[PDB]
Structures are given as structure tokens and as C-alpha cells.
Amino acid sequence: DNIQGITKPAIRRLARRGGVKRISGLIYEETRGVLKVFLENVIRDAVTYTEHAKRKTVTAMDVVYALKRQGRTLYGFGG
Amino acid sequence: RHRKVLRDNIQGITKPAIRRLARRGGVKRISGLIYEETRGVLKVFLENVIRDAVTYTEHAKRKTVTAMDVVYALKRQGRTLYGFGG
Amino acid sequence: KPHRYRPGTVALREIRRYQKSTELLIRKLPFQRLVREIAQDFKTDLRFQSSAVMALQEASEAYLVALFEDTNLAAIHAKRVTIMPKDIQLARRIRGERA
Amino acid sequence: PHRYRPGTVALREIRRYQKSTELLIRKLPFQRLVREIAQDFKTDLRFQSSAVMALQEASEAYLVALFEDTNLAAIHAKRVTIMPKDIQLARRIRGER
Amino acid sequence: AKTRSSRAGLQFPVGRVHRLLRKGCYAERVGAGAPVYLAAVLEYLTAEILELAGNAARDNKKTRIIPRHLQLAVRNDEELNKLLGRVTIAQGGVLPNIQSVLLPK
Amino acid sequence: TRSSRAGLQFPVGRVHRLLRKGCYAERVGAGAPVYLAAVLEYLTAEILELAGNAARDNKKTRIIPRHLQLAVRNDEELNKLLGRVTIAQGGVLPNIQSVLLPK
Amino acid sequence: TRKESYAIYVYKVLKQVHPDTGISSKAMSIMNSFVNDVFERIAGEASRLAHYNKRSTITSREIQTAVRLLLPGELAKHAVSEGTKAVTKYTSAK
Amino acid sequence: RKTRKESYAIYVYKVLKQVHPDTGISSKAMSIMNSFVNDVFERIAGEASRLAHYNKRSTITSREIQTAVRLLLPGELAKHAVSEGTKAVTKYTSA
DNA sequence: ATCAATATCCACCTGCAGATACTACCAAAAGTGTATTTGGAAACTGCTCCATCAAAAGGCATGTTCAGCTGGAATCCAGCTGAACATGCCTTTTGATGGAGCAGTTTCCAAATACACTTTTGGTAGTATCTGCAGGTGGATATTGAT
DNA sequence: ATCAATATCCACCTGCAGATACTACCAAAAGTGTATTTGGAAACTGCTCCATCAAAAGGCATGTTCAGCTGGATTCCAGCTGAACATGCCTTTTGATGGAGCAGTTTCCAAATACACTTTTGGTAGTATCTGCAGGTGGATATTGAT
Ligand SMILES: [Cl-]
Ligand SMILES: [Cl-]
Ligand SMILES: [Cl-]
Ligand SMILES: [Cl-]
Ligand SMILES: [Mn+2]
Ligand SMILES: [Mn+2]
Ligand SMILES: [Mn+2]
Ligand SMILES: [Mn+2]
Ligand SMILES: [Mn+2]
Ligand SMILES: [Mn+2]
Ligand SMILES: [Mn+2]
Ligand SMILES: [Mn+2]
Ligand SMILES: [Mn+2]
Ligand SMILES: [Mn+2]
Ligand SMILES: [Mn+2]
Ligand SMILES: [Mn+2]
Ligand SMILES: [Mn+2]
Ligand SMILES: [Mn+2]
Ligand SMILES: [Mn+2]
Ligand SMILES: [Mn+2]
Ligand SMILES: [Mn+2]
Ligand SMILES: [Mn+2]
Ligand SMILES: [Mn+2]
Ligand SMILES: [Mn+2]
Ligand SMILES: [Mn+2]
Ligand SMILES: [Mn+2]
Ligand SMILES: [Mn+2]
Ligand SMILES: [Mn+2]
Ligand SMILES: [Mn+2]
Ligand SMILES: [Mn+2]
Ligand SMILES: [Mn+2]
Ligand SMILES: [Mn+2]
Ligand SMILES: [Mn+2]
Ligand SMILES: [Mn+2]
Ligand SMILES: [Mn+2]
Ligand SMILES: [Mn+2]
Ligand SMILES: [Mn+2]
């Protein structure tokens with residue numbers, strides 16, 4: 001599967017950057033679900049901006065505008 | 001000719017009142033230190049909204065804080081309020 | 001041998017009672033004095049429409065109630081049924097209001 | 001043989017990853033995940049390179065902050081091990097659930 | 001002469017909506033269809049909350065919708081609850097809800 | 001140039017133009033673009049000053065994203081102003097809950 | 001000075017869904033601000049949409065996209081359908 | 001033929017040389033600063049816009065920008081910004 | 001289960017704050033027709049940059065083992081926090097007033113908008129050059145962890 | 001306390017991706033002047049509703065007492081999750097190549113703006129008149145808690 005491509009090691013690295021020392025075996029599956037929901041909400045809005053502009057290519061701007069409306073403003077990609 | 005000095009009014013938020021709010025919030029048991037923690041949290045909340053409401057009042061060159069000033073202050077703080085206009 | 005409800009029974013009765021009603025839970029005049037005191041420290045000589053004070057109170061009560069729900073969840077997460085300052089602080093930090 | 005105690009290497013990793021800024025999820029697997037999800041909203045979509053990078057930068061920052069809050073929830077329960085209940089608690093309080 | 005609302009088959013005021021879109025400065029120009037579409041969306045959302053609110057009032061043996069009914073309608077409907085997640089309905093109170101670990105025995 | 005009259009490095013003329021096209025209000029006073037350009041300049045300086053310091057503290061002469069992150073997050077007021085903002089490739093501040101430390 | 005509100009209109013829709021139900025003055029005020037709020041959100045999103053695509057006109061199309069961006073799942077599907085229908089009926093007149 | 005795309009990069013660069021004459025800035029970091037300026041511009045112009053509308057005014061003046069700043073910037077940052085803003089308008093008016 | 005002290009429920013009823021009704025008025029709002037202006041949909045198309053393939057290279061994710069030490073179950077008990085009570089204070093209610101100050105209606109001037117014309121830039125391109133610092137090495141010495 | 005095993009740090013180097021430099025061209029941005037058009041400030045002042053005061057009195061805050069049961073401290077140990085390794089799978093690089101489709105132009109018409117009139121209509125007002133339901137009773141029923 002694709003979501004399974006988000007590996008246990010990477011998920012642990014992210015947690016480490018987050019200050020986490022000990023991780024439960026069940027965290028890995030919980031994180032994938034969280035990451036999937038996050039992307040669906042952001043990608044759904046991006047594609048919507050893409051469809052609006054009559055394009056077949058999702059642009060960095062489409063993502064930046066989607067993130068902004070989701071209240072997760074991002075700097076460094078055309079913001 | 002002159003008003004009365006206002007002080008320590010945060011104690012008007014009594015222990016019984018805080019218990020009730022906690023009750024509406026689903027709380028069954030309350031530690032003794034909750035009451036002063038709550039007053040503190042409310043004071044901060046109020047200062048922030050009132051500070052904005054008054055800023056709108058002064059911008060319009062009024063001396064009277066209107067329900068709209070409060071509503072706009074709550075709105076910009078992300079706590080939209082329905083029921084008092086706007 | 002008077003009748004005594006057990007600890008917690010009246011608390012549950014109160015939760016149901018208060019979750020069923022919509023009236024303001026903080027006394028009005030006392031709350032209004034608090035608003036006037038705080039406002040006065042930011043700017044002197046301010047007057048308030050009565051509905052402005054009521055709007056502030058509805059907002060404050062909605063805010064505190066919701067915060068207590070979250071705090072309650074923070075206590076239960078710690079295997080307690082008694083909310084404590086540390087629960088309110090955990091809730092405010094996660095909500096992004098504190099450090 | 002030489003063996004570090006449980007936890008000692010974790011502390012090292014934390015120090016190591018909190019100092020760096022590189023993305024921590026391999027790029028291709030992520031780019032595949034992104035494309036399949038988008039495919040459910042509109043087919044035959046192309047993505048600018050920067051577009052996918054913005055999504056990874058945003059997702060990682062989101063997951064990293066979520067783990068911070070999750071860590072506080074676990075520590076709140078007198079633990080040092082994060083669990084699903086910790087992530088849920090953090091999301092619930094954040095207003096996501 | 002007939003209203004743009006009747007032409008669109010709407011209860012909500014198309015003329016007012018079109019006028020409010022102009023005064024707001026959301027763009028330089030405002031097409032004729034925009035106020036019609038917006039008026040209809042607003043009419044629909046209104047109908048949806050009044051439907052649910054009217055029912056809540058009926059469940060409480062009331063014929064007059066009050067704030068509490070609007071709150072019950074909103075909080076009990078997953079989508080409206082989300083559309084209004086950062087909104088506070090005065091005199092709305094809260095949904096009856098007690099955590100299980102708090103119940104006796 | 002309007003910028004030089006105001007003593008600013010930021011484009012007053014451009015700021016003014018951006019306000020009109022933005023449809024922020026039917027009309028735009030003359031002082032407005034100046035005041036705004038001045039505010040934007042000041043905030044810019046504030047950040048470059050702190051990021052410049054973050055770069056020197058790291059024995060570097062060139063400001064990169066990480067320095068901007070450290071500048072902003074280590075400053076109480078800037079952190080608040082940008083509390084809902086993500087600076088790409090900025091990482092996080094070194095920070096470990098004391099209860100996770102050795103012994 | 002006259003202050004406009006959506007009250008008479010909210011009342012019409014109410015009578016349509018619940019012919020025997022009234023609405024308190026306070027509830028009506030809640031409704032008027034709900035309508036004003038959604039209007040602002042949709043108009044704002046449409047505004048941004050037009051700017052992002054360098055268009056100076058807000059058309060039914062911008063409103064539609066704003067609606068898909070703003071409302072969740074089903075509310076959008078139904079709002080969208082009700083909206084296009086009303087536009088189609090409007091253009092088939094005169 | 002490529003359409004001109006404005007940025008605050010050259011103006012940001014100027015300000016960088018006044019505060020740190022010997023330090024540079026990567027393009028990616030410059031893009032972030034540009035995002036920062038645009039963001040604040042929009043936040044301030046937005047509050048300014050609303051302020052004018054709340055007061056039935058059709059003109060956005062320095063008073064709107066000023067009040068907008070007090071509402072958006074936290075404490076000290078607002079005190080100084082207001083200071084810089086006023087300084088720039090007085091110096092602009094008497095010139 | 002037994003049974004008593006109380007809370008909860010629900011039919012009934014009454015007073016009235018609040019919701020409806022009606023008739024008038026009318027400034028602002030809308031609809032109707034024309035005339036004039038153009039935003040941006042279309043149709044092409046130049047070339048930027050996105051999707052594939054190839055093909056090693058080996059970096060890094062897997063699957064195992066082993067056991068350190070963490071989470072969670074069991075117990076115990078001091079005292080914190082709820083339930084109930086006696087008091088009587090201060091908030092709530094009801095009215096009554098003065099007048100601060102919000103808000104409506106004009107009059108009128110410092111500015112803002114509107115156009116024309118001239119000058120100045122900020123971007124976009126090309127081509128040539130320079131330079132901060134990532135990525136390695138070597139060797140020193142800190143930090144861990146077993147005895 | 002001693003001693004071996006890695007991890008961590010600093011100094012010195014180099015290649016090169018990414019930052020500078022200069023020159024060049026130019027559509028669009030700014031600025032200067034001249035006219036015309038107005039927002040909204042200054043006055044005056046109607047009259048809304050906010051601050052205050054009096055009084056009455058009963059709902060609800062205070063401060064206590066008493067003891068139930070919850071939180072916090074300990075003790076234990078089963079077992080999960082971290083650390084270390086052998087494996088080899090598939091991500092990373094990059095270089096090349098179609099070529100999809102984004103983005104720059106030019107054309108041109110359905111649709112929007114701008115104005116003048118004429119017709120409505122939603123918001124206020126001034127008076128009158130119902131009504132849904134809050135709040136108080138009273139008596140039956142459902143809970144809770146001691147035995
Ligand atoms: Cl605590
Ligand atoms: Cl869990
Ligand atoms: Cl349209
Ligand atoms: Cl101005
Ligand atoms: Mn004071
Ligand atoms: Mn009554
Ligand atoms: Mn009548
Ligand atoms: Mn054109
Ligand atoms: Mn054509
Ligand atoms: Mn294997
Ligand atoms: Mn063992
Ligand atoms: Mn333990
Ligand atoms: Mn276990
Ligand atoms: Mn104790
Ligand atoms: Mn009793
Ligand atoms: Mn006066
Ligand atoms: Mn005058
Ligand atoms: Mn130049
Ligand atoms: Mn050269
Ligand atoms: Mn190095
Ligand atoms: Mn070495
Ligand atoms: Mn040694
Ligand atoms: Mn050393
Ligand atoms: Mn050395
Ligand atoms: Mn005028
Ligand atoms: Mn009374
Ligand atoms: Mn007393
Ligand atoms: Mn005891
Ligand atoms: Mn216990
Ligand atoms: Mn066990
Ligand atoms: Mn080893
Ligand atoms: Mn093609
Ligand atoms: Mn195109
Ligand atoms: Mn009428
Ligand atoms: Mn009743
Ligand atoms: Mn009774
Ligand atoms: Mn009965």
C-alpha cells in the first residue's frame with residue numbers, strides 16, 4: 001500500500017524531532033491515519049483551486065492557498 | 001460628582017459560580033486550587049477581549065463601549081458570537 | 001439518622017441540571033463590576049451599553065464551560081475524576097493559548 | 001559487547017533531529033501517497049515539484065507539533081511512552097476530532 | 001415588473017445580496033448570477049437549520065423556536081456543528097453529555 | 001520618490017498601489033501607504049536583526065530558513081505574531097522535557 | 001436611520017418548513033447574524049479566488065467554488081445544486 | 001514576454017544591509033521574508049478595511065492602519081511599529 | 001428484597017413579557033430600457049518543467065534476539081473535597097431622573113480621484129566570476145556503561 | 001575508582017551549488033501638474049439610553065462540621081519496546097527525452113457598467129390586541145441508600 005510507505009523509522013524520526021523518547025507499537029498505525037486525514041483535507045482544497053483555474057497541474061500556490069484557508073499558513077513557496 | 005473605587009472584583013466570580021460552570025462542563029469533582037486558577041484564566045480572557053473592544057470604541061471616537069465593539073473584538077479573536085447583532 | 005446522599009450523587013444531579021439549562025451561571029452585577037474594573041484600567045471614563053456587558057458575559061461563560069470540558073478530559077486521561085490546575089494548563093497549552 | 005542502555009540512543013536522536021531541518025520522510029513514498037489521494041478528487045493530475053515539497057514541509061511540521069502535544073499528554077498521565085490515547089487527547093483538545 | 005428573486009424562484013432577496021456584494025468591495029465587478037447563487041445558498045442553509053431547530057423545539061413540546069433549539073440543532077448535526085465550530089450561540093447552553101467513568105457503580 | 005520623503009527603504013508607491021487594487025476601501029488616503037510601508041519595514045528589520053544574530057551565533061554569515069525559525073521562536077512577541085505560521089525548512093528549537101533526561 | 005436584516009426572509013423560509021412554528025426575537029437575531037456570517041465567508045473566499053486567478057469579476061462560478069471550499073460534504077452538494085438550479089432558472093427568464 | 005512578478009526581495013535586501021552589513025541571505029530565506037511581508041500587509045489592510053466599514057467610512061487613512069496595528073501586533077512590537085509609522089508620516093508630510 | 005427520605009415528573013392554571021396585527025409614511029431600494037465599455041473566453045502556440053526510463057550505488061528499512069526498565073495492577077490510608085445546615089447579606093427587581101453622549105441633518109474645505117504627459121524602475125535575460133559552507137579527515141577528549 | 005568503546009567536537013581543506021556582478025532592454029510603475037468631485041469634519045441639537053439612587057426581600061453565598069472515597073505513594077513483575085546486526089530491497093541520482101499543458105498573445109462579443117426614470121417596498125412609528133410558556137401547585141412516581 002502507499003500509506004504504508006510512510007515507514008516506522010520515519011514516523012519515529014518525526015516523533016524524535018518532537019521530543020518523544022519512548023514509542024508504543026500502536027502509534028505507527030495511529031499516525032498514518034492522522035497523516036492521511038491531514039493530506040485529504042489539504043489536497044482536497046488544493047485540487048479545488050486547481051479545478052477552478054481550469055488546470056490539470058496542482059501548483060505550489062494551490063497548496064499554499066489551501067494551507068492558508070485550513071489555518072496552517074506556510075512560508076517559502078510563494079506565500 | 002465622583003464614583004467609587006473598583007478593586008478585587010475578580011472575587012465576585014465566586015466558588016459557587018465556578019462550580020456551576022464546571023458542572024455545565026461535565027465536571028464531577030473539583031480540587032481546591034481550581035477556583036483561583038479559573039479566576040486567573042477568566043481575567044486574561046477578559047483583558048484580551050476588552051482591550052480590543054475598547055480599541056474599536058476609541059477608533060470611532062466614542063466613550064461608550066457598544067455590543068458591536070465586543071462582537072468585533074470576539075470575532076477577530078476567533079470566538080464569533082451570535083445574538084447581539086452584526 | 002438524617003438522610004445523606006453519597007459523595008458524587010449531588011454533583012451528577014447538578015451536571016444534568018446545568019447541562020439542561022441555558023441561563024448565565026455567574027451573578028450579573030458582580031460580573032459587570034469586574035468588566036468595569038478591567039476596562040477602567042485600560043482606559044478611564046468608559047461607559048458600557050448593557051448589551052455589551054451581556055455579550056462579554058455570554059462569551060466568557062461559553063469559553064469557561066468549554067475549557068472545563070477539555071480540562072475534564074485531561075483529568076480523566078490521568079485516571080482521575082478530579083480536575084486540577086495542571087489539567088487546565090495542559091488543556092490551554094494544547095489549545096495553543098499557553099507556552 | 002558494548003551496549004547502550006534503553007533510552008540513551010533515543011535521547012541522542014532527539015538532540016540530533018531537533019538540531020537539523022531536513023525532511024524525515026523519504027520523498028518518493030510520500031510523493032506516491034500524495035498522488036493516490038489526489039486521484040480520488042480528480043484524475044490525471046500532474047504536480048509541480050515545489051507543490052509536492054510544500055505538502056511534505058506542511059505535513060511534517062504538523063506531525064512534529066502533534067507529537068509535541070502528544071508527549072505532554074503522555075507525560076501528563078505520568079508516562080514517558082506515547083500511545084494512541086495521547087494522540088487522540090491532543091487532537092480532541094485541539095478541536096480536530 | 002417582477003423581482004429577480006421570483007425569477008430565480010427564491011424567498012431570499014437577490015437585489016439586496018447583489019447590492020451587498022458591491023458595497024463590500026470583494027472584486028471590481030459582480031456578475032448577475034453571483035447574487036442569485038449566493039442568495040440561494042443562504043436560503044438553503046437557513047432552511048436546513050430551521051428544519052432541525054423546529055424539530056428540536058417540537059421534541060421539547062414548544063411551538064416557539066428559541067436559542068437553545070438553534071443550539072441543539074447545530075450541535076447534534078455533524079456538518080452544521082463543523083460549519084459553526086468556532087461560533088458561540090448565546091443562550092444556547094450545551095449538549096447533555098457526561099463521561100462514562102463519572103457514572104456511579 | 002515618496003519613499004525617500006518618508007525616509008523609507010520600502011516602496012511607498014507600490015504599497016499604495018497594492019491597497020487600491022486590493023479593494024480594501026473605495027479610497028486610500030496619502031498617509032496610509034507611508035505608515036504601512038513604515039510598519040512593514042520595521043517588522044522586516046526586527047526579524048533580519050534577530051536572524052542575523054542567530055546566524056552569527058552559528059558561525060555563519062548567510063541567513064538561511066533555520067535562522068529565521070530560531071529568531072522568531074526564541075522571541076516571545078514574534079512567536080505570537082507567527083504562531084499559526086510554518087517557516088519551511090526551519091525545524092524546531094532544541095527542547096527536551098526534563099522527565100525524559102538520564103538518571 | 002434604517003437597519004436592514006434578513007428577518008422577514010428567514011420568517012418566510014421558517015413558515016415553509018414549519019408552518020405552525022414561531023421564532024423568538026433572540027432566535028431571529030441569532031439567524032440574522034448566522035446569515036450575515038456565512039455571506040461574509042463565502043464572499044471573502046470568492047474575493048480571494050478572483051484575485052488568485054487575476055479576475056476582476058466575481059461570478060456564480062466563484063461563488064460555487066467558495067461554497068465547495070467552505071461547506072462540508074453534504075451541505076456543499078446540496079447548496080451547490082440549489083445554487084446552480086436558481087441560476088439556470090434565472091437565466092431562462094425575460 | 002514573461003509576465004513581471006513583483007516581490008519585496010530588493011527592499012528586504014536593502015534593510016538587511018542596514019542592520020547587518022556583512023551578512024547575506026539565501027534565496028529560500030528571502031522567499032520566506034517575502035511571504036512574511038505579504039502576509040502582514042494583508043493582515044493589516046484587512047483589519048483596516050473592516051475598521052473603515054464598521055465606521056461607515058470609505059477611506060482608509062493612517063488612523064485605520066494605526067488602529068489595525070494595535071489590534072494585530074502584540075504589545076511592544078505594536079508600540080514600536082506605531083512609533084515608526086507616525087515618524088514616517090510626519091517626516092513625509094513636512095517635506 | 002424492604003422501606004423510607006427525596007428528587008423527578010407532569011398535568012393544571014394564571015399572568016404577562018413578547019409576539020402579532022393594522023394603518024401610515026417614505027427614503028432607499030429595485031426594476032426597466034438604453035448606450036457604451038470590456039473582461040476574459042477562445043484559439044494558437046512557444047517552451048518550461050513534469051513524467052518516465054535506465055541503472056547502478058548503498059543507504060536505510062526489515063526481521064530477529066535479548067533483556068532493561070516501564071506501564072499498569074494491587075494495596076493501603078491520610079485528608080481533601082462533597083453534602084448538608086444555619087445565617088443573613090447583597091444581588092435582583094422595580095421605578096424614577098438627570099443629562100452624557102450617540103446619532104441625525106447641514107454647510108463647506110482640505111483631499112482624493114481623474115487624466116495627460118514625462119521620467120524612472122524593477123524584472124527578466126545573458127554571460128562571466130566569486131565564495132560561504134557542506135562533507136570529509138585526523139586526532140583529541142567527553143560521555144557511557146561494565147567491572 | 002578503573003578502563004574500554006563509541007560518540008562528539010574542533011581545525012583545516014576543497015569542490016561547487018548558489019550568490020554576485022555588469023550590461024542591456026523596456027513595459028509598467030511613479031511622479032508632476034492641472035481640474036473636478038467629495039468624503040466626512042465642524043456645528044447644532046434631537047432624544048436614546050446609561051449611570052445612579054431608593055427600597056424591599058428572598059435567593060444564594062459563606063463558613064462549618066463530618067466522614068466517604070479519591071489521589072498519591074509503594075511494591076511488584078510480566079512483557080513490550082529499545083538497541084544492535086545481518087540482509088538485500090528499493091529510494092536516490094541524474095541525464096536524457098518526449099511532450100503535456102502552463103502561460104503569453106490577439107481577437108471580439110456576451111455581459112457589466114453608467115444613467116435616467118418610475119414603481120415598490122422593507123423598516124419605523126404609533127396604537128391595540130392576542131398568546132406561548134415561565135413559574136407555582138399538588139400529588140403520583142422514580143431514585144437512592146441504609147438495613
Ligand atoms: Cl495541579
Ligand atoms: Cl492508547
Ligand atoms: Cl455570473
Ligand atoms: Cl491618510
Ligand atoms: Mn483600577
Ligand atoms: Mn408571566
Ligand atoms: Mn388589531
Ligand atoms: Mn480587453
Ligand atoms: Mn476566437
Ligand atoms: Mn529481511
Ligand atoms: Mn525480565
Ligand atoms: Mn513506574
Ligand atoms: Mn503490561
Ligand atoms: Mn493525601
Ligand atoms: Mn435535607
Ligand atoms: Mn450634550
Ligand atoms: Mn460648517
Ligand atoms: Mn534598474
Ligand atoms: Mn564578469
Ligand atoms: Mn561541517
Ligand atoms: Mn577521526
Ligand atoms: Mn579510558
Ligand atoms: Mn576537543
Ligand atoms: Mn583539533
Ligand atoms: Mn458629502
Ligand atoms: Mn427578590
Ligand atoms: Mn453571611
Ligand atoms: Mn477517615
Ligand atoms: Mn484510587
Ligand atoms: Mn502485572
Ligand atoms: Mn556496534
Ligand atoms: Mn500542446
Ligand atoms: Mn491560458
Ligand atoms: Mn410593506
Ligand atoms: Mn414549567
Ligand atoms: Mn410539590
Ligand atoms: Mn398525577
Side-chain angles (χ1 to χ4, degrees), chain A residues 7-10 22-25 55-57 59, chain B residues 3 14-17 29-32 62-64 66, chain C residues 1-11 13 27-30 47-50 79-82 84, chain D residues 1-10 12 26-29 46-49 78-81 83, chain E residues 1-4 13-16 18-19 28-32 62-64 104, chain F residues 1-2 11-14 16-17 26-30 60-62 102, chain G residues 1-5 8 22-25 54-57, chain H residues 1-7 10 24-27 56-59:
Chain A
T7 59
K8 173 175 178 177
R22 208 162 180 282
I23 299 174
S24 164
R55 284 189 273 92
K56 308 199 70 59
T57 302
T59 67
Chain B
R3 296 113 180 69
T14 67
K15 168 182 183 177
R29 214 165 176 271
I30 306 167
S31 155
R62 279 187 274 98
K63 302 70 185 174
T64 309
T66 67
Chain C
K1 54 181 188 63
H3 186 287
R4 280 188 75 78
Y5 284 106
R6 300 209 310 169
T9 299
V10 175
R13 182 187 308 157
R27 302 270 60 83
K28 290 177 199 296
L29 180 60
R47 296 159 87 78
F48 284 79
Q49 293 187 322
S50 52
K79 300 184 176 310
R80 296 184 272 97
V81 294
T82 307
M84 299 168 75
Chain D
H2 179 62
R3 195 180 186 67
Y4 282 117
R5 292 184 180 302
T8 297
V9 186
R12 290 221 300 274
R26 304 174 303 173
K27 295 189 177 182
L28 185 58
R46 297 169 96 72
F47 282 75
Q48 298 195 315
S49 169
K78 293 162 173 289
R79 279 187 277 97
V80 299
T81 308
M83 296 173 205
Chain E
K2 47 186 58 175
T3 64
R4 309 164 66 187
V14 179
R16 180 178 295 188
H18 190 36
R19 195 187 85 231
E28 305 184 306
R29 305 155 86 74
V30 173
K62 306 298 178 63
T63 54
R64 183 143 60 218
Chain F
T1 205
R2 281 192 283 177
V12 167
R14 175 177 297 186
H16 195 55
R17 188 167 56 67
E26 183 188 57
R27 312 197 320 178
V28 183
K60 299 194 177 305
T61 65
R62 179 178 296 155
Chain G
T1 192
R2 63 199 296 283
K3 69 86 188 178
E4 299 187 319
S5 86
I8 61 173
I23 189 172
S24 92
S25 200
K54 305 173 186 303
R55 293 289 186 285
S56 54
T57 306
Chain H
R1 42 189 295 171
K2 172 184 175 300
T3 306
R4 292 175 66 276
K5 48 186 289 189
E6 280 183 347
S7 141
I10 62 166
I25 178 163
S26 66
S27 69
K56 300 170 175 54
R57 297 277 174 276
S58 42
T59 316

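Below, all heavy atoms of this structure are taken into account, side chains as well, without hydrogens, waters or symmetry copies. The sequence lines fix the lettering, A, B, ..., with proteins before strands; numbering per chain opens at 1.
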Taking for each residue the nucleotide of DNA chain I with the nearest heavy atom, is it B:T66 or A:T7 whose nucleotide lies nearer the 5' end?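 Mapping each residue to its closest nucleotide by heavy atoms, the 5'-most match is A:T7.
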
If you pin F:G29 and C:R47 to their nearest nucleotides in DNA chain I, which one's is more 5'?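 Closer to the 5' end of DNA chain I: C:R47.
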
Looking at [N], I'd like to know if its phosphate oxygens (OP1 or OP2) sit under 4.0 Å from a side-chain N or O belonging to [X].
X: G:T57; N: I:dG40; value: yes
X: C:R27; N: I:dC90; value: no
X: G:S56; N: I:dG40; value: yes
X: F:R14; N: I:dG123; value: yes
X: G:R55; N: I:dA41; value: yes
X: C:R6; N: J:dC69; value: yes
X: C:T82; N: J:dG71; value: yes
X: E:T63; N: J:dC133; value: yes
X: C:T9; N: J:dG145; value: yes
X: B:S31; N: I:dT81; value: yes
X: E:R19; N: I:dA30; value: yes
X: A:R55; N: J:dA100; value: no
X: H:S27; N: J:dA19; value: yes
X: B:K63; N: I:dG101; value: no

Spacing of [X] atom [atom1] relative to [N] atom [atom2], expressed in whole Å:
X: B:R29; N: J:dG68; atom1: CZ; atom2: P; answer: 14 Å
X: C:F48; N: I:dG101; atom1: CZ; atom2: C1'; answer: 16 Å
X: C:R13; N: J:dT144; atom1: CZ; atom2: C1'; answer: 9 Å
X: C:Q49; N: I:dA100; atom1: CD; atom2: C1'; answer: 14 Å
X: H:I10; N: J:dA19; atom1: CD1; atom2: P; answer: 17 Å
X: H:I25; N: I:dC133; atom1: CD1; atom2: P; answer: 13 Å
X: H:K2; N: J:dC102; atom1: NZ; atom2: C1'; answer: 13 Å
X: B:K15; N: J:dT64; atom1: NZ; atom2: P; answer: 11 Å

Could one point to a donor on the side chain of C:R4 or the base of I:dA83 with an acceptor on the other under 3.5 Å away? yes

Check this for me: does the side-chain of D:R3 come within 3.5 Å of the base of J:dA83 through a donor and an acceptor? yes

Keeping the roles fixed (side chain from F:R14, backbone from H:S7), state whether a donor-acceptor pair exists under 3.5 Å. yes

Side chain of [X] only, heavy atoms from C-beta on: which candidate in [options] is closest?
X: H:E6; options: I:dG123, I:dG72, I:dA41; result: I:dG123
X: E:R64; options: I:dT92, J:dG82, J:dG132; result: J:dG132
X: D:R79; options: I:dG71, I:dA83, J:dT92; result: I:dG71
X: H:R1; options: J:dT105, J:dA61, I:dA61; result: J:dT105
X: D:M83; options: J:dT92, I:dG122, I:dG72; result: I:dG72
X: A:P9; options: J:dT52, I:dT144, I:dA61; result: I:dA61
X: F:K60; options: J:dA83, I:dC133, J:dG101; result: I:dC133

Quick check: on DNA chain J, is the nucleotide nearest E:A1 upstream (toward 5') of the one nearest E:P104, or the reverse? Name the residue that is more 5'. E:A1

Across the strands shown, which category fits [X] at heavy-atom distances under 4.0 angstrom: base, sugar-phosphate, nothing?
X: A:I23; answer: sugar-phosphate
X: F:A30; answer: sugar-phosphate
X: D:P29; answer: sugar-phosphate
X: D:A10; answer: sugar-phosphate
X: E:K2; answer: sugar-phosphate

Rounded to the nearest 0.5 Å, what separation is found between the [atom1] atom of [X] and the [atom2] atom of [Y]?
X: G:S56; Y: E:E28; atom1: OG; atom2: CD; value: 5.0 Å
X: C:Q49; Y: B:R62; atom1: CD; atom2: CZ; value: 7.5 Å
X: D:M83; Y: A:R22; atom1: CE; atom2: CZ; value: 8.0 Å
X: C:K28; Y: C:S50; atom1: NZ; atom2: OG; value: 10.5 Å

Does the structure show a Watson-Crick or G-U wobble partner for [N], both distances under 3.5 Å? Name it, or say none.
N: I:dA103; answer: J:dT45
N: I:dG59; answer: J:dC89
N: I:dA142; answer: J:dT6
N: J:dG98; answer: I:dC50
N: I:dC133; answer: J:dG15
N: J:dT64; answer: I:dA84
N: I:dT124; answer: J:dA24
N: J:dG39; answer: I:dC109

Would you say C:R6 has more than 12 foreign heavy atoms packed within less than 6.0 Å of its CZ?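 No.
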
Side-chain heavy atoms of A:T7 within contact of D:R26, under 4.5 Å: yes

Nearest heavy-atom pair of C:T82 and B:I30: which atoms, and what distance?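 Where C:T82 meets B:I30 most closely, the heavy atoms are CG2-C, 4.0 Å.
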
Heavy atoms of F:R62 and H:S26 approach each other most closely as CG-N, 3.7 Å

If only side-chain N and O atoms count, and only distance matters, is there a donor-acceptor pair under 3.5 Å linking A:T57 with D:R46?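 Not at all, the side chains of D:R46 and A:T57 share no donor-acceptor pair under 3.5 Å.
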
